file query-v7.json (JSON, C-alpha atoms)
[["chain", "number", "residue", "atom", "x", "y", "z"],
["J", 1, "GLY", "CA", -116.43, -37.22, 217.09],
["J", 2, "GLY", "CA", -112.74, -37.57, 217.87],
["J", 3, "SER", "CA", -112.06, -39.68, 221.00],
["J", 4, "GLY", "CA", -108.69, -37.93, 221.55],
["J", 5, "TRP", "CA", -105.69, -40.29, 221.33],
["J", 6, "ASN", "CA", -105.52, -42.23, 218.08],
["J", 7, "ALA", "CA", -102.97, -45.03, 217.56],
["J", 8, "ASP", "CA", -102.69, -43.35, 214.14],
["J", 9, "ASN", "CA", -100.59, -40.46, 215.52],
["J", 10, "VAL", "CA", -98.03, -42.96, 216.88],
["J", 11, "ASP", "CA", -95.53, -44.65, 214.55],
["J", 12, "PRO", "CA", -95.30, -48.42, 215.36],
["J", 13, "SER", "CA", -91.61, -48.42, 214.36],
["J", 14, "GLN", "CA", -90.72, -46.69, 217.65],
["J", 15, "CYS", "CA", -93.11, -48.84, 219.73],
["J", 16, "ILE", "CA", -90.84, -51.89, 219.17],
["J", 17, "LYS", "CA", -87.01, -51.64, 219.19],
["J", 18, "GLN", "CA", -84.66, -54.28, 217.74],
["J", 19, "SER", "CA", -81.75, -55.41, 219.95],
["J", 20, "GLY", "CA", -79.03, -57.56, 218.36],
["J", 21, "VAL", "CA", -81.34, -60.11, 216.65],
["J", 22, "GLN", "CA", -84.40, -59.91, 218.95],
["J", 23, "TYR", "CA", -87.59, -57.78, 219.01],
["J", 24, "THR", "CA", -89.12, -56.56, 222.31],
["J", 25, "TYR", "CA", -92.26, -54.54, 223.07],
["J", 26, "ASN", "CA", -91.31, -51.19, 224.66],
["J", 27, "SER", "CA", -93.87, -50.97, 227.50],
["J", 28, "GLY", "CA", -91.66, -48.38, 229.22],
["J", 29, "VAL", "CA", -93.41, -45.93, 226.86],
["J", 30, "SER", "CA", -96.84, -44.69, 228.03],
["J", 31, "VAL", "CA", -98.20, -44.48, 224.46],
["J", 32, "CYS", "CA", -97.40, -48.15, 223.73],
["J", 33, "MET", "CA", -99.26, -49.35, 226.85],
["J", 34, "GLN", "CA", -101.88, -46.61, 226.37],
["J", 35, "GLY", "CA", -103.51, -48.63, 223.57],
["J", 36, "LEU", "CA", -102.67, -52.05, 225.05],
["J", 37, "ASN", "CA", -104.14, -50.96, 228.41],
["J", 38, "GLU", "CA", -107.39, -49.74, 226.80],
["J", 39, "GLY", "CA", -107.63, -53.09, 224.99],
["J", 40, "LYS", "CA", -107.71, -51.26, 221.64],
["J", 41, "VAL", "CA", -104.44, -52.94, 220.68],
["J", 42, "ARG", "CA", -103.04, -56.48, 220.98],
["J", 43, "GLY", "CA", -99.41, -55.57, 220.28],
["J", 44, "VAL", "CA", -97.37, -54.70, 217.14],
["J", 45, "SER", "CA", -96.97, -57.07, 214.17],
["J", 46, "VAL", "CA", -93.39, -57.22, 212.83],
["J", 47, "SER", "CA", -92.17, -58.98, 209.66],
["J", 48, "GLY", "CA", -88.56, -59.44, 208.48],
["J", 49, "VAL", "CA", -87.07, -60.65, 205.17],
["J", 50, "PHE", "CA", -83.44, -61.72, 204.69],
["J", 51, "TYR", "CA", -82.21, -61.14, 201.11],
["J", 52, "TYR", "CA", -79.42, -63.55, 200.07],
["J", 53, "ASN", "CA", -77.11, -62.78, 197.13],
["J", 54, "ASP", "CA", -78.00, -66.35, 196.17],
["J", 55, "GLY", "CA", -81.21, -64.85, 194.74],
["J", 56, "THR", "CA", -83.31, -66.41, 197.56],
["J", 57, "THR", "CA", -85.52, -64.68, 200.16],
["J", 58, "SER", "CA", -86.92, -65.95, 203.48],
["J", 59, "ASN", "CA", -89.91, -64.26, 205.19],
["J", 60, "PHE", "CA", -90.77, -64.80, 208.89],
["J", 61, "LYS", "CA", -93.79, -63.02, 210.36],
["J", 62, "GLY", "CA", -94.72, -62.94, 214.04],
["J", 63, "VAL", "CA", -96.44, -60.75, 216.68],
["J", 64, "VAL", "CA", -94.32, -58.96, 219.31],
["J", 65, "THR", "CA", -95.98, -58.96, 222.76],
["J", 66, "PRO", "CA", -94.33, -58.12, 226.14],
["J", 67, "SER", "CA", -94.63, -61.89, 226.81],
["J", 68, "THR", "CA", -93.66, -63.21, 223.32],
["J", 69, "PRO", "CA", -90.50, -61.90, 221.51],
["J", 70, "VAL", "CA", -89.60, -62.57, 217.82],
["J", 71, "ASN", "CA", -86.04, -63.62, 216.81],
["J", 72, "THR", "CA", -84.67, -62.87, 213.30],
["J", 73, "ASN", "CA", -81.71, -65.13, 214.14],
["J", 74, "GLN", "CA", -82.87, -67.59, 211.48],
["J", 75, "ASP", "CA", -79.91, -69.19, 209.63],
["J", 76, "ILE", "CA", -76.78, -67.11, 210.39],
["J", 77, "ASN", "CA", -74.49, -69.79, 208.93],
["J", 78, "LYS", "CA", -76.09, -69.18, 205.52],
["J", 79, "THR", "CA", -75.84, -65.40, 206.04],
["J", 80, "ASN", "CA", -72.24, -65.51, 207.33],
["J", 81, "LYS", "CA", -71.33, -67.61, 204.27],
["J", 82, "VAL", "CA", -72.90, -65.26, 201.66],
["J", 83, "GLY", "CA", -74.10, -62.25, 203.72],
["J", 84, "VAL", "CA", -77.31, -60.20, 203.40],
["J", 85, "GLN", "CA", -77.61, -57.39, 200.81],
["J", 86, "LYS", "CA", -80.83, -55.54, 201.81],
["J", 87, "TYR", "CA", -82.84, -55.94, 205.06],
["J", 88, "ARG", "CA", -86.49, -54.72, 205.33],
["J", 89, "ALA", "CA", -88.79, -54.63, 208.41],
["J", 90, "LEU", "CA", -92.53, -53.74, 208.42],
["J", 91, "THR", "CA", -94.37, -52.59, 211.59],
["J", 92, "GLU", "CA", -98.17, -52.11, 211.85],
["J", 93, "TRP", "CA", -100.56, -51.73, 214.82],
["J", 94, "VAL", "CA", -102.36, -55.01, 215.72],
["J", 95, "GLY", "CA", -105.94, -54.80, 217.05],
["J", 96, "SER", "CA", -108.64, -52.28, 216.06],
["J", 97, "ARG", "CA", -108.54, -51.46, 212.32],
["J", 98, "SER", "CA", -106.74, -48.14, 211.75]]

call {"tool": "encode", "arguments": {"input": "query-v7.json", "output": "structure tokens"}}
result
Amino acid sequence: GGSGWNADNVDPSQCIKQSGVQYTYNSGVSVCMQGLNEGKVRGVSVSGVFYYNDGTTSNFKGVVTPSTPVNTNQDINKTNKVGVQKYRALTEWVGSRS
């Protein structure tokens, strides 16, 4: 039987918003704390990759929690020197499978 709310009907891309170069958990949204409050979630996993025209890629993975933010501000001097061509971010629910 269906239990009602399913973290599957909520996109994790809207649960976490990126500000400048920082990631923060949006607890101001009832759905985001709905799963965290029931203990069916532990937060949202976010990964970021910086593509450098130098043909090199860096990948930093971390978990965004209302108490632990993730900064993509890795090496801006390298990016300001050559710049970033494509930027990709992946967001998945962390906790119960599916």

call {"tool": "atom_distance", "arguments": {"input": "query-v7.json", "atom1": "CA of residue 15 (chain J)", "atom2": "CA of residue 85 (chain J)"}}
result
25.9 Å

call {"tool": "atom_distance", "arguments": {"input": "query-v7.json", "atom1": "CA of residue 4 (chain J)", "atom2": "CA of residue 67 (chain J)"}}
result
28.3 Å

call {"tool": "closest_residue", "arguments": {"input": "query-v7.json", "among": "J:14, J:65, J:96, J:6", "to": "residue 43 (chain J)", "atoms": "all atoms listed in the file"}}
result
J:65

call {"tool": "closest_residue", "arguments": {"input": "query-v7.json", "among": "J:77, J:89, J:41, J:35", "to": "residue 59 (chain J)", "atoms": "all atoms listed in the file"}}
result
J:89

call {"tool": "closest_atom_pairs", "arguments": {"input": "query-v7.json", "of": "region 35-98 of chain J", "to": "region 21-25 of chain J", "cutoff": "12 Å", "atoms": "all atoms listed in the file", "output": "CSV"}}
result
residue,atom,partner,partner_atom,distance
J:36,CA,J:25,CA,10.9
J:42,CA,J:25,CA,11.2
J:43,CA,J:25,CA,7.7
J:44,CA,J:25,CA,7.8
J:45,CA,J:25,CA,10.4
J:46,CA,J:23,CA,8.5
J:47,CA,J:23,CA,10.5
J:48,CA,J:23,CA,10.7
J:61,CA,J:23,CA,11.9
J:62,CA,J:23,CA,10.1
J:63,CA,J:23,CA,9.6
J:64,CA,J:25,CA,6.2
J:65,CA,J:25,CA,5.8
J:66,CA,J:25,CA,5.2
J:67,CA,J:25,CA,8.6
J:68,CA,J:24,CA,8.1
J:69,CA,J:24,CA,5.6
J:70,CA,J:23,CA,5.3
J:71,CA,J:22,CA,4.6
J:72,CA,J:21,CA,5.5
J:73,CA,J:21,CA,5.6
J:74,CA,J:21,CA,9.2
J:75,CA,J:21,CA,11.6
J:76,CA,J:21,CA,10.4
J:89,CA,J:23,CA,11.1
J:91,CA,J:23,CA,11.3

call {"tool": "atom_distance", "arguments": {"input": "query-v7.json", "atom1": "CA of residue 81 (chain J)", "atom2": "CA of residue 52 (chain J)"}}
result
10.0 Å

call {"tool": "closest_residue", "arguments": {"input": "query-v7.json", "among": "J:27, J:86, J:33, J:10", "to": "residue 49 (chain J)", "atoms": "only C-alpha atoms"}}
result
J:86

call {"tool": "closest_residue", "arguments": {"input": "query-v7.json", "among": "J:53, J:58, J:30, J:79", "to": "residue 5 (chain J)", "atoms": "only C-alpha atoms"}}
result
J:30

call {"tool": "closest_residue", "arguments": {"input": "query-v7.json", "among": "J:28, J:11, J:54, J:39", "to": "residue 83 (chain J)", "atoms": "only C-alpha atoms"}}
result
J:54

call {"tool": "closest_residue", "arguments": {"input": "query-v7.json", "among": "J:60, J:50, J:26, J:55", "to": "residue 87 (chain J)", "atoms": "all atoms listed in the file"}}
result
J:50

call {"tool": "build_atoms", "arguments": {"input": "query-v7.json", "residues": "region 21-35 of chain J", "atoms": "N, CA, C and O atoms", "output": "short mmCIF file (atom, residue, chain, number, x, y, z; two decimals), keeping the file's coordinate frame"}}
result
data_model
loop_
_atom_site.label_atom_id
_atom_site.label_comp_id
_atom_site.auth_asym_id
_atom_site.auth_seq_id
_atom_site.Cartn_x
_atom_site.Cartn_y
_atom_site.Cartn_z
N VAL J 21 -80.48 -59.37 217.63
CA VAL J 21 -81.34 -60.11 216.65
C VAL J 21 -82.68 -60.45 217.32
O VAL J 21 -83.28 -61.46 217.03
N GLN J 22 -83.12 -59.63 218.23
CA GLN J 22 -84.40 -59.91 218.95
C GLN J 22 -85.32 -58.68 218.92
O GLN J 22 -84.87 -57.56 218.86
N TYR J 23 -86.61 -58.91 219.00
CA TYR J 23 -87.59 -57.78 219.01
C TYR J 23 -88.28 -57.77 220.38
O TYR J 23 -88.66 -58.81 220.89
N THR J 24 -88.45 -56.62 220.97
CA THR J 24 -89.12 -56.56 222.31
C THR J 24 -90.13 -55.41 222.32
O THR J 24 -89.93 -54.38 221.70
N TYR J 25 -91.22 -55.60 223.01
CA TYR J 25 -92.26 -54.54 223.07
C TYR J 25 -91.83 -53.49 224.10
O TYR J 25 -91.54 -53.80 225.24
N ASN J 26 -91.75 -52.25 223.71
CA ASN J 26 -91.31 -51.19 224.66
C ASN J 26 -92.48 -50.73 225.52
O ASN J 26 -93.16 -49.77 225.20
N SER J 27 -92.74 -51.39 226.62
CA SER J 27 -93.87 -50.97 227.50
C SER J 27 -93.42 -49.79 228.35
O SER J 27 -94.23 -49.11 228.96
N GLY J 28 -92.15 -49.52 228.40
CA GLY J 28 -91.66 -48.38 229.22
C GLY J 28 -92.17 -47.08 228.62
O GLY J 28 -91.97 -46.01 229.16
N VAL J 29 -92.86 -47.16 227.50
CA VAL J 29 -93.41 -45.93 226.86
C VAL J 29 -94.92 -45.88 227.16
O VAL J 29 -95.64 -46.83 226.94
N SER J 30 -95.39 -44.78 227.69
CA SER J 30 -96.84 -44.69 228.03
C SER J 30 -97.72 -44.88 226.80
O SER J 30 -98.76 -45.51 226.86
N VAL J 31 -97.35 -44.33 225.67
CA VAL J 31 -98.20 -44.48 224.46
C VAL J 31 -98.36 -45.96 224.08
O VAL J 31 -99.44 -46.41 223.75
N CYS J 32 -97.29 -46.71 224.11
CA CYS J 32 -97.40 -48.15 223.73
C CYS J 32 -98.37 -48.88 224.65
O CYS J 32 -99.19 -49.67 224.20
N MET J 33 -98.32 -48.64 225.93
CA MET J 33 -99.26 -49.35 226.85
C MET J 33 -100.59 -48.59 226.89
O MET J 33 -101.58 -49.09 227.36
N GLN J 34 -100.61 -47.38 226.37
CA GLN J 34 -101.88 -46.61 226.37
C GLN J 34 -102.92 -47.39 225.57
O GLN J 34 -104.05 -47.57 226.00
N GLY J 35 -102.55 -47.86 224.41
CA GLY J 35 -103.51 -48.63 223.57
C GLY J 35 -103.67 -50.04 224.14
O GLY J 35 -104.76 -50.56 224.26
#
